[PDB]
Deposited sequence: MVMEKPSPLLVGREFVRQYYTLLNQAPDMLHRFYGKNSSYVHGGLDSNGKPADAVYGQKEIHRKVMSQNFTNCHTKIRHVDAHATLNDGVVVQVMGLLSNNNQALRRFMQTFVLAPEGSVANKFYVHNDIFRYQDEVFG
């Protein structure tokens, strides 16, 4: 047995995540748990973030044939054997303009080895912010 690099964890997850955001956005919620936190303007500039699986599904379906271009992925060990991943690049929903974005996952162990869940998904488009 040998532990998987944090950066492997992160890369693999981002591979798996931005994929499922095409195969089955519907099915995305399973990534997150009960204390989880997700977000992706509304009014007042940067929109607030939901929490918990049920609430996250609603918010995901409230947007996605998505195509992601990941220009930057860094990933490191954090507390409780978790991984903080810093993602950065481009998204276009339903065949629109590519959007610049700045994201931060904190992944945590499920406690099945090598299995992790998303405790935090902080996604932001840049245009809506700069």
Fill in the blank from the handout: Numbered from 1 on the deposited sequence, the unmodelled stretches are 1-2, 43-45, 69, 71, 119, 139
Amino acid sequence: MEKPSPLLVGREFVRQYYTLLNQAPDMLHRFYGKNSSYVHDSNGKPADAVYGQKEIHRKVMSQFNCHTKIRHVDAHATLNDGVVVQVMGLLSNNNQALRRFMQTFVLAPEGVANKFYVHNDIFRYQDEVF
From here on, numbers count along this sequence of modelled residues.
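Take the two forms, find the largest set of C-alpha atoms that superpose within 1.5 Å, and that set is the rigid core.
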Fill in the blank from the handout: Judged by RMS Cα deviation after a rigid core fit in 7 other deposited structures of this protein, the more variable of 83-91 and 47-55 is 47-55
Problem - 15-23 or 115-123, whichever carries the higher mean Cα B-factor - result: 15-23
Practice task
Read off the CA B-factors in the entry, average them over 81-89 and over 42-50, and name the higher stretch.
Solution key: 42-50
Problem - Maximum C-alpha temperature factor, selected from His76, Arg71, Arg30, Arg100 - result: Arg30
Completion exercise
Entry-reported C-alpha B-factor of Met1 relative to its chain, by third, is highest
Exercise for the section: State the tercile, meaning the lowest, middle or highest third, of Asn94 with respect to the CA B-factors recorded for its chain. Expected result: highest
Practice task
Sort the modelled residues of this chain by their C-alpha B factor and say whether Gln63 lands in the lowest, middle or highest third.
Solution key: highest
